[PDB]
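A.B. asks: A single structure is presented below for examination.
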Amino acid sequence: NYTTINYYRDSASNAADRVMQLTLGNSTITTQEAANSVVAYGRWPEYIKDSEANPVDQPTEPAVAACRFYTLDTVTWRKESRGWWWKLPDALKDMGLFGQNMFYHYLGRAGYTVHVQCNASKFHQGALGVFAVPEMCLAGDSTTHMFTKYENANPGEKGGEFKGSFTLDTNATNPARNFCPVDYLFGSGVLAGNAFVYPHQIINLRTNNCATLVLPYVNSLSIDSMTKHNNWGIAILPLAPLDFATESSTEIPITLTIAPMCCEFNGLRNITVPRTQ
Amino acid sequence: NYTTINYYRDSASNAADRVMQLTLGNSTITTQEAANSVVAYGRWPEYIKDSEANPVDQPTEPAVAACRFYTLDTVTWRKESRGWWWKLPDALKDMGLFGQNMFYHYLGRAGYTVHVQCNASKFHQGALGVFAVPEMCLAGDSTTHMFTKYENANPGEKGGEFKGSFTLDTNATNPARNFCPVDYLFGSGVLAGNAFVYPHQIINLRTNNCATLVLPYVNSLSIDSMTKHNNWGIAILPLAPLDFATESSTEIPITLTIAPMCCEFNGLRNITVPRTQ
Amino acid sequence: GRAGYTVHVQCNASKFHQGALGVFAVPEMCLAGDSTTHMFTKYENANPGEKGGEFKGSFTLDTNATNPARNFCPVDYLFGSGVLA
Amino acid sequence: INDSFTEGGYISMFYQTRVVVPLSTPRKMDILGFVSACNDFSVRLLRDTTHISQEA
Amino acid sequence: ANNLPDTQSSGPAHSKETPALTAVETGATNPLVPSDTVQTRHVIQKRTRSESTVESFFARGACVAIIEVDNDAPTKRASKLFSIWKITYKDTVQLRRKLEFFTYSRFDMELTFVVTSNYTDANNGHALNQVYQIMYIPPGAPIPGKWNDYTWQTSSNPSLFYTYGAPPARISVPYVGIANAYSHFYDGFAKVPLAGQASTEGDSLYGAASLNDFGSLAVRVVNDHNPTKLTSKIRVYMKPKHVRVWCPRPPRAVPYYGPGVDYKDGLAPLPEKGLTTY
Amino acid sequence: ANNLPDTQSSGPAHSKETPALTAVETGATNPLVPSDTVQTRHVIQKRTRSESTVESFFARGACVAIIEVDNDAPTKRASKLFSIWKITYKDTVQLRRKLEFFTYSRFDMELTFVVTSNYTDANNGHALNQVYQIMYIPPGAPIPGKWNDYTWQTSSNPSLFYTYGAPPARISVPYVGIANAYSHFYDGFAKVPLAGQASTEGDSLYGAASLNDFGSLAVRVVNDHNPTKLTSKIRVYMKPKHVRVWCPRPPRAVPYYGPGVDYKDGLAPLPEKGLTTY
Ligand SMILES: CCCCCCCCCCCCC/C=C/[C@H](O)[C@H](N)CO
Ligand SMILES: CCCCCCCCCCCCC/C=C/[C@H](O)[C@H](N)CO
């Protein structure tokens, strides 16, 4: 036994599976070759509780008007693809009434259902790692730290691509001020092979055609500014390169469908019009 | 949990609304355009309790003889007025039997009912802040600290005026030794806008014609010398300047009526005759 | 689509002003056109938007055959629909 | 402190209709502004202020 | 100090009750909450005002004096072998402002003495560890005239003997005011001049009284002088304890000028900013 | 933190149940144990994960700052009589990496100050024991411009007075984040640039916000200068206490380059080894 007694007031001073259907609003997704679906950290998206509400004004919950699947621009997977990234809610800023509520309010909160679709025949090869990264900070391309500008950090539904090797932006007069995400460094100075600590799913073309990730709202705050802060980052990397019948030049589309969930907005004002690239 | 044990004797060593009528004596005040009445710190004036009596000799309580409304000299509110101040009990030193008891006794104590009256038409503009300040110390006008003489510090029922800007008294041979209260510094090196921490009322000419403040006796002692120490200070500032129909040159009277309350005096002697200005 | 409405008309004036406004909610507020052709008002004019339209003191006929206005001609005392206001 | 990540917002005042006065009335008036905290207000991490300083 | 109230959910409102409209002329602050003007959710409040208490606000050691003493030699007229410091919080601004937030205060005090010493020259040898005597001299008590006169017997005066290198010395004092509270402000005089007597007589400084007379501290180095001069400084840190305060005042907005409320410089504390500039 | 499960004996198996075969596409880690693939004996486990707890992992004092100050003379322009250090854990790598294992953290902090001083020259005499003032300056508080300006009154700023030779100074801090947790990473900006305004306006550094603004520490030597210069260094050791963490991330694999996630050098962290070389 030992005896412990606190001699101070403040406690700081104390000693230390395959067939699935997803319906949101007026949108429905059917899948037959699914590898199940992952709920990030086992937490389903939810609305702010009265015990955690910071803003006092009544929130607006568009529900089905905004809690529905929006499909982003399709990308092409080739043998030379290094990977793609999107930022949420940034990727949905021009998507129906969700983007309208996003830009008309000072504070916004939403979870997501991300559905990545990549169908290929039984004679194709390749694997895609689909990772949901909270606070997916990406490295810049200049000797100046944290120098990436807002326009490039928020590409929108197109997102960005990973790079095979790091290139330094030496243009002093007109710096690019863009990201330089290196695929094997995961764009953030960490080995990509460890990226599986994040919620993820692998689309192995021999097994499944799609991946589904249910992202809860993750943040150090109950609600934040959606225009300032991207809660999530979706990163897709080719773990196994695409291959097909030795024909070469094969390319298959990857489509991304994101549904915001449990959307809450506070602080209605005039609409925000961010500066464009 | 934590454990605390005291190892010493002395505890110092331990760890840390509109229509109103006011009748006092043979005096009565009727108001129809009142903005209610403020009781400073929510404490009504009272007599010294036996549990707090420092002097042992029997007090004298003139009651109605001195606890009655005395009206001071009227001042004029113009567009150029910066404000006025009075000191209590100093403003009442020549007012009936109250002043007699004040000067015949070594110790005196009294609360007050201050009634500021300023009537103007429905086509006038202006607001007066009326502030009751305990220990209303005012800044002097010389490089010598605390150099204001008794005669100027106790003007009487006329009181003094605030100044727009600070002026330094450079007359070495015959220094003025007077106050220099700057209106926006509240005469004491503090912004006037914060003066509302003191008990106060605003006379907005569109709303009310009068202000009433019930000041309890406030002091670090139960009873003190009224000739040495001014318990209260009444400061009136134009928050909104006086204006009228663009005619200009308009001036309206401000009248001050103070009734001492719960007067107690101790230490009867020959009368005190203070030196005059 | 389906929706009810709360319409709030605001018109402040001093105590030295005169005037009265009738504010009427009309279901199926059909308005008369300005041409000899019946029911000839085009969609663009029938749906002005938030600006709306104005009533007219007297009825004017649109005789421009080449480029007809195809606009409404609501007469104030006829309430724009052939009925006394 | 003036901080981007913890910026507070914007207060503004506008005319809804306008200020109307009759004749023989001042056409220019003044408004006074006051601020205070609500009963849910709180502070922490006591520090030294920058509103007072001493010389020599 | 205790927990704040929770936030209750508020829906749309359509009624003749208008909490927003008020009349500040009454002098009363409108006690509105967010749910009165906007629709609010339910928030279970967990913030507290524990660090905003008057005890927490003053629960810091604040430097109030830097007393300089020397150990050189009796012959040297430029070295001050002892120093007398009138006890007051007005030699420094920060604690003075925090205290002058209020008209009256009543508290015990904790005095901490941080002593730092140094050499003044090199080619005169070295010194042994010094002992400092800090003698409290209440008003009326004899004041030392020399560093080694009889007054330092301290038969009755409380005295602190601090060995250099030991942790800073510390004492506690109860509330020692002759009134029922400390007067941060005294709107009056100690004398009333009487009609008839000469203008020289009866003249007293404004705002000065014996309420703030607390005696002084006499600090000396008990050691005899080494062949080399040693200069020491005692820093006095004052911590109010068991604080009660009364009659809050607006804080000092302009630089202090002397022990009173006088101002002479820096009368323009506010900067320039547009009316419609955010 | 608690005890691990025991190992159960496993005999030969012949069945249609195949724990070995799985599908990692689901994103789920197969929770197999040795008894599933090989025959195992019974082992009563006595090992524990007590030292792998998040509290143990961070229960070390980590140096985060080396603040250099001097005591030479006011005239000397090359001597820094006081030093201001923005509070952060990103001036050092080891604690930064251990913390950036996680996206969010929430903890009390323990700051330990180890002060070491030395002479810089010999033929100028010697010095007396020094007292150091470490003043915490929260954001918005006035920042000292001179080593002896009014800011050091510390009427409100918490201040530590450390006597040289005493054990390293120490204070504890509660969780002082304006958010509900500390953000190791912030994927955003403090400003949103608005259409219309000039490219100069609205431009904010990526990943920088006021979540990580904690003020600074101002360190000075309280003593007056001796005829010889003395150089001192305060080493700040930060120990998280009552640690909670959220959202684990892969640790930094390449050298840090600035306060953000930028990388510029050492992008080839892995060595060369044959595929079939043991
Ligand atoms: C042991 C000998 C030296 C140390 C003892 C000195 C004791 C002096 C304590 C009594 C005088 C100071 C009491 C409090 C000071 C001021 O009145 C307060 N700051 C008023 O707000
Ligand atoms: C007594 C005066 C000097 C010592 C007091 C300094 C107090 C500063 C403590 C608050 C600021 C630091 C709080 C924690 C630091 C970082 O946020 C954490 N490493 C975040 O992970």
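Chains: A, B, ... in order of the structure tokens. Residues: from 1 per chain. Ligands: from 1, in order shown.
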Within 9 Å of ligand 1 (counting only C-alpha atoms and all ligand atoms), which residues show up? I'd like them as a VMD selection string.
C.D. replies: chain E and resid 87 to 90 95 to 96 99 to 100 104 to 113 133 to 138 157 to 161 170 to 177 181 to 184 211 to 219 238 to 240
A.B. asks: For residue D:34, list every protein, DNA or RNA residue within 10 Å, evaluated using only C-alpha atoms, and leave out those in the same chain fewer than 6 positions away; present the list as a list in words.
C.D. replies: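 The residues that qualify are residues 193, 194 and 196 of chain B; 24 and 29 of chain E.
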A.B. asks: When DSSP works through the backbone of this structure, what residues of stretch 12-172 of chain A end up as helix (DSSP H, G or I), shown as a PyMOL selection string?
C.D. replies: chain A and resi 12-13+40-42+50-52+63-65+90-92+96-104+150-153
A.B. asks: Pick from F:124, F:116, F:193, F:269: nearest to residue F:255, with only C-alpha atoms counted?
C.D. replies: F:269
A.B. asks: Would you tabulate, counting only C-alpha atoms and all ligand atoms, all residues of chain D that have an atom at most 12 Å from an atom of ligand 2, showing the closest pair of atoms and their distance in Å to one decimal, sorted by chain then ascending number, as a tab-separated table?
C.D. replies:
```
residue	atom	partner	partner_atom_place_in_ligand_line	distance
D:44	CA	ligand 2	10 (C)	11.0
D:45	CA	ligand 2	10 (C)	8.0
D:46	CA	ligand 2	7 (C)	10.0
D:47	CA	ligand 2	2 (C)	9.3
D:48	CA	ligand 2	2 (C)	10.7
```
A.B. asks: Those same residues, written as a PDB file, in the first residue's frame with N, CA and C atoms?
C.D. replies:
```
ATOM      1  N   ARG D  44     -10.869  32.448 -17.947  1.00  0.00           N
ATOM      2  CA  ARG D  44      -9.890  31.625 -17.250  1.00  0.00           C
ATOM      3  C   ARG D  44      -8.489  31.954 -17.745  1.00  0.00           C
ATOM      4  N   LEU D  45      -7.507  31.397 -17.029  1.00  0.00           N
ATOM      5  CA  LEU D  45      -6.076  31.602 -17.254  1.00  0.00           C
ATOM      6  C   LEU D  45      -5.695  33.074 -17.060  1.00  0.00           C
ATOM      7  N   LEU D  46      -5.801  33.486 -15.799  1.00  0.00           N
ATOM      8  CA  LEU D  46      -5.484  34.849 -15.391  1.00  0.00           C
ATOM      9  C   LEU D  46      -4.083  35.245 -15.832  1.00  0.00           C
ATOM     10  N   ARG D  47      -3.972  36.430 -16.431  1.00  0.00           N
ATOM     11  CA  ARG D  47      -2.712  36.919 -16.965  1.00  0.00           C
ATOM     12  C   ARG D  47      -2.564  38.394 -16.618  1.00  0.00           C
ATOM     13  N   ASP D  48      -1.442  38.974 -17.027  1.00  0.00           N
ATOM     14  CA  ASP D  48      -1.190  40.393 -16.829  1.00  0.00           C
ATOM     15  C   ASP D  48      -1.728  41.191 -18.010  1.00  0.00           C
TER      16      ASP D  48
END
```
A.B. asks: Between F:178, F:243, F:254, F:127, which residue has the minimum interatomic distance to residue F:226, considering only C-alpha atoms?
C.D. replies: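 Using only C-alpha atoms, the shortest distance to residue F:226 belongs to F:127.
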A.B. asks: Using only C-alpha atoms, which residues sit within 10 Å of residue E:252 once same-chain residues fewer than 4 positions away are excluded, as a list in words?
C.D. replies: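 What passes the distance filter is residues 185, 188, 189, 190 and 191 of chain B; 51 and 52 of chain D; 93, 96, 97, 98, 100, 101, 256 and 261 of chain E.
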A.B. asks: Pick out the residues sitting within 10 Å of residue A:4, and hand them over as an mmCIF file with C-alpha atoms, in the first residue's frame; count only C-alpha atoms, and ignore anything fewer than 5 positions along from it in its own chain.
C.D. replies:
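Written output follows (around_30.cif):
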```
data_model
loop_
_atom_site.group_PDB
_atom_site.id
_atom_site.type_symbol
_atom_site.label_atom_id
_atom_site.label_comp_id
_atom_site.auth_asym_id
_atom_site.auth_seq_id
_atom_site.Cartn_x
_atom_site.Cartn_y
_atom_site.Cartn_z
ATOM 1 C CA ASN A 14 -2.526 16.486 -8.818
ATOM 2 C CA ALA A 15 -0.089 13.746 -9.761
ATOM 3 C CA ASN B 1 -9.161 14.222 -2.286
ATOM 4 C CA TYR B 2 -6.409 16.258 -0.644
ATOM 5 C CA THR B 3 -5.461 16.851 2.985
#
```
A.B. asks: Compute the chain C side of the contact with chain D at 12 Å, counting only C-alpha atoms, and hand it back as an mmCIF file with N, CA, C and O atoms, in the first residue's frame.
C.D. replies:
```
data_model
loop_
_atom_site.group_PDB
_atom_site.id
_atom_site.type_symbol
_atom_site.label_atom_id
_atom_site.label_comp_id
_atom_site.auth_asym_id
_atom_site.auth_seq_id
_atom_site.Cartn_x
_atom_site.Cartn_y
_atom_site.Cartn_z
ATOM 1 N N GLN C 10 -45.355 45.723 -45.394
ATOM 2 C CA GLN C 10 -44.885 46.761 -44.493
ATOM 3 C C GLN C 10 -44.919 48.100 -45.208
ATOM 4 O O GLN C 10 -44.355 48.244 -46.298
ATOM 5 N N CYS C 11 -45.579 49.074 -44.590
ATOM 6 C CA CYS C 11 -45.657 50.422 -45.142
ATOM 7 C C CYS C 11 -45.822 51.381 -43.970
ATOM 8 O O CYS C 11 -46.938 51.581 -43.483
ATOM 9 N N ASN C 12 -44.719 51.968 -43.525
ATOM 10 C CA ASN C 12 -44.740 52.916 -42.421
ATOM 11 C C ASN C 12 -44.757 54.336 -42.963
ATOM 12 O O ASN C 12 -44.078 54.651 -43.942
ATOM 13 N N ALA C 13 -45.572 55.178 -42.341
ATOM 14 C CA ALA C 13 -45.648 56.591 -42.662
ATOM 15 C C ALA C 13 -45.963 57.339 -41.376
ATOM 16 O O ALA C 13 -46.394 56.748 -40.382
ATOM 17 N N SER C 14 -45.745 58.647 -41.389
ATOM 18 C CA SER C 14 -45.916 59.450 -40.190
ATOM 19 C C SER C 14 -47.395 59.576 -39.837
ATOM 20 O O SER C 14 -48.273 58.998 -40.481
ATOM 21 N N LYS C 15 -47.676 60.340 -38.784
ATOM 22 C CA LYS C 15 -49.046 60.649 -38.404
ATOM 23 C C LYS C 15 -49.634 61.789 -39.221
ATOM 24 O O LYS C 15 -50.801 62.134 -39.023
ATOM 25 N N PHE C 16 -48.852 62.385 -40.122
ATOM 26 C CA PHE C 16 -49.323 63.426 -41.021
ATOM 27 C C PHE C 16 -49.422 62.937 -42.459
ATOM 28 O O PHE C 16 -49.438 63.748 -43.387
ATOM 29 N N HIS C 17 -49.473 61.626 -42.659
ATOM 30 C CA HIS C 17 -49.680 61.025 -43.964
ATOM 31 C C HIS C 17 -51.098 60.484 -44.077
ATOM 32 O O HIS C 17 -51.762 60.194 -43.081
#
```
A.B. asks: How many Å separate atom CA of residue F:265 from atom CA of residue A:166?
C.D. replies: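 Interatomic distance here is 9.6 Å.
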